[PDB]
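Let us start with two forms of the same protein chain, each given on its own as structure tokens and named structure 1 and structure 2.
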Structure 1
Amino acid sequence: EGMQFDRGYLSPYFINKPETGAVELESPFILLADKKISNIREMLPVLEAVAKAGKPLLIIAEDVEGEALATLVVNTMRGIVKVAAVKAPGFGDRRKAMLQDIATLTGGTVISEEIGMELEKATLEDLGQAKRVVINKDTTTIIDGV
């Protein structure tokens, strides 16, 4: 089964499983960010972290756009980074609540704009973990969250 929400990849170029036509990440770390990520400079700490741990990264945020989404995608296409990004589900307080539920499910911490919750201060410990994540055009599924 696995927890599944109605939000798909923010880019088909995150697809790493041709035979499926979808994104499939094994033993991924999951960044839960209740905010819009537009600058990759802010993402570097987490990106360095997952790379050192040798695991791919799923990003679930209010939105991943602009330069951050572009840079992320090109580097994914080039095989330099192992990531997939999707929008958090819901709107208003529902978004926050669902992000927290996913956080609890995966043992992660929801990064935000609040003091001490900055994305640039995020560590491997703030990331949720799951056995596998599957993302297609319409949905994201988190399987066996720690």
Structure 2
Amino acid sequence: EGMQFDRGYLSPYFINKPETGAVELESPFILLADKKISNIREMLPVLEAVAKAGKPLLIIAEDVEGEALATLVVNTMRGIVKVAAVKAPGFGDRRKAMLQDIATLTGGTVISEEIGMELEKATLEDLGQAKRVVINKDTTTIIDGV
């Protein structure tokens, strides 16, 4: 099954289809975080595991800013990783419910800080998957999730 929501790329530098100005990831892993990511350190483990696995990564979180955002962009440009980041849809309680929906749709697990989950301890089994993902300035489309 697929889904779509009104949240565009957090940076035009995630674009990998110049002509159209879109982001297209094939058979990617999907990280679902209910927190704001500002320090990349806590991300290294999952990033390494995904990079070593040879798959692209879509990040859906509260936000991805500062150094965090910058390193993701620079290392995708350097070909060390291939990732894209967007904010979670909706607000408040609706955001949590929708984030959980995507998880179920993709067989992923929401890394909830509320219930005390650590991103450093996140594993590939916690990540979701889908056949394809398309992102533009305004929307994110998940195609055929596991």
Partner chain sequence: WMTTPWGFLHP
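What we label the rigid core is the largest C-alpha set whose atoms superpose within 1.5 Å from one form to the other. Only residues modelled in both forms are compared. Residue numbering: structure 1 sequence, from 1.
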Notebook entry, point to check: Two forms of the same chain appear here; which of them is the form solved in complex with the partner chain?
Noted result: 2
Next item on the list: Superpose on the rigid core, then report which one of 93, 48, 26, 114 has a CA displacement of at least 2 angstroms between the two structures.
Entry: 114
Notebook entry, point to check: How many Å does the Cα of residue 130 travel between the two structures when the structures are matched on their rigid core?
Noted result: 0.5
Next item on the list: Determine, in Å, the CA shift of residue 77 between the two structures after the rigid core is used for superposition.
Entry: 2.2
Checklist line | Segments of at least three residues whose Cα atoms shift by 2 Å or more between the two structures, after superposing on the rigid core | finding: 77-80, 114-116
